[PDB]
Every structure is written in C-alpha cells, then in structure tokens.
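In terms of this note's numbering, the sequence shown opens at residue 456 and continues consecutively.
Beta carbons are placed, not taken as given, at the ideal position from N, Cα and C, and that holds for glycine.
First the structure, in the form of structure tokens, and then the observations on it.
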Amino acid sequence: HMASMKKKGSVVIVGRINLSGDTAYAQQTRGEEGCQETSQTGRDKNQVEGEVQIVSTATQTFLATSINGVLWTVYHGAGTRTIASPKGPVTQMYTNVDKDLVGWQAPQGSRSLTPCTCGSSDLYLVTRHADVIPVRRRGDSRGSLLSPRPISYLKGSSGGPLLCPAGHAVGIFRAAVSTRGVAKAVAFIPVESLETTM
Ligand SMILES: COc1ccc2nc(C)c(O[C@@H]3C[C@H]4C(=O)N[C@]5(C(=O)NS(=O)(=O)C6(C)CC6)C[C@H]5/C=C\CCCCC[C@H](NC(=O)OC5CC(F)(F)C5)C(=O)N4C3)nc2c1
Ligand SMILES: [Zn+2]
C-alpha cells in the first residue's frame, strides 16, 4: 500500500583503503550497526579521508573511488541510491546503467586520483583487502591478471581503481572473467569513459 511503501537506504562509507604510505591496508571507520542507522538516516558525520572508500548498503559491500572530484562506483552495487553525508542524503551526479557506473560529488576530506594520460598498459588493481594486483591492459576495458586467483579474492572490490605505474586512475573495476572459478581477467570502466560522462 502507498502508506507503507519503504525507501531504500543510502550508500554508506564504512572504511577506506589507505595508500598514503609504504604499505597498503584497509581501515574500517564504521561498524555494521552504525552503518545500518546511517543508511536509514542518510546522515554521516564521520570524517572522510583518502581516495578509495569501502562502502556498504543494507545488503552489499563494495568500493568507491574519487577521481577528479567525483566519487565513482558501480550501478550493480549502488543502483540509484543516495550516499550518506554530514548534511543528509546526496543524490547521484552521474548514473549510467549501460556502463555499470554511478557517481556522487566527492566527499569533503576525500582526495581524488588524477586521470591517467600515460597510455601505459602496466596497471595495478586495488582491492577491498588492500591487495595491489598487477594487471596487464588488454583492451579499452579489459586487463589480464599477472597472477590469476579465485574470484573470491576479487568479490566486493567493484568500484575500486586500476592505477598506472605513476598512481593515476586508469579505470573503475566492474567485472571479473573466470574459468572454473579462477579470475584470469577483469573488466573496468576506463577513465576516458568517465571523463566523457563528466
Ligand atoms: C543491475 O544493473 C546492472 C547494470 C550493468 C552491469 N554490468 C556488469 C558487468 C554486471 O556484472 C555483475 C556484477 C559484477 C560483479 O560481480 N563485479 C565484481 C564485484 O566484486 N561485485 S561486488 O562488489 O562484490 C557486488 C555484487 C556489488 C556488491 C568485481 C567482481 C568480483 C568477482 C566476480 C564474482 C562472479 C561474478 C562474475 C561477473 N562477471 C561478468 O559479468 O563477466 C562478464 C562481464 C564481462 F566482463 F563483459 C564478461 C561479474 O563480475 N559481475 C556480475 N552487472 C550489471 C548490473
Ligand atoms: Zn598515468
């Protein structure tokens, strides 16, 4: 009934991948209970830092990456959901189901990656466990893992970045190609497709 119709909660930042030093490591900034409440209210007063955020809904967790002032992630994770912020839910600035892409204004305190113009094919995928995985670029939107591994290790890292040797953003991870559960390749939204969307 119209009186009982519910609304989906906001995407909530629950942590980040720390890339500031010599060692990449995941940090949690909010536990599951506070995540649930923040998803319902859409208010998040937690300080945001860094480039790669770990984000969660009521039912899914995944990554979001700031590039050029936009926090980017995948539609198959976020749908059309708002993101929680200090002053309430923030509506998406970009939505493209055809690219599996959404974006919101980058949160206050985040740092953005610079879009890559190197034209290099030696990439690095950053996962939600702060693994830095070498990937050889194989096309506009595909790359092969130098060391294949079970897809389990990539699950939950959609929205994470592929970076060039210089640390620029080359793309946003969206899907894994596997054979008998072993990830051999990845698909990503290229930064140029983001830059067009911008
Ligand atoms: C509904 O509207 C939309 C619109 C456009 C969409 N567009 C895509 C491509 C898509 O694909 C879904 C979700 C995504 C995924 O699982 N993303 C990862 C992930 O981690 N998600 S996640 O964070 O855990 C989660 C679900 C958010 C919480 C990163 C990968 C890690 C492990 C894979 C597990 C097995 C799955 C292997 C599979 N592979 C594949 O589809 O291969 C082919 C696509 C191709 F490349 F062309 C070949 C795969 O990867 N996906 C399946 N749904 C869309 C939905
Ligand atoms: Zn570069």
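Within 10 angstroms of its Cβ, does residue i collect 16 or more other Cβ (buried), or is it exposed?
i	result
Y530	buried
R471	buried
Determine the direct distance from the alpha carbon of residue j to that of residue i, and round the result to whole angstroms.
i	j	result
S613	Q563	22 Å
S494	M457	22 Å
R591	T572	16 Å
Does the Cβ-Cβ distance between residue i and residue j come in under 9 Å?
i	j	result
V646	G626	yes
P541	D577	no
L649	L617	no
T512	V545	no
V469	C490	yes
residue 733	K463	Because residue 733 is not part of the residues shown, which for the chain are 456 to 653, the question remains open.
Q483	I509	yes
With distances taken from CA atoms, which of the options is nearest residue i?
i	options	result
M548	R536, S475 and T496	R536
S599	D477, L518, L526 and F643	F643
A630	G489, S521, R597 and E506	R597
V552	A539, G532 and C571	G532
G594	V641, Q515, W527 and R485	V641
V637	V557, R583, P570 and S602	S602
- Message: List, from N- to C-terminal side, the alpha helix (DSSP H) runs of 4 residues or more that fit wholly inside the stretch 579-645.
- Response: none
- Query: In the stretch 504-531, which residue ranges form an unbroken beta strand (DSSP E) of at least 3 residues, counting only runs that do not cross its ends?
  - Reply: 507-511, 516-522 and 525-528
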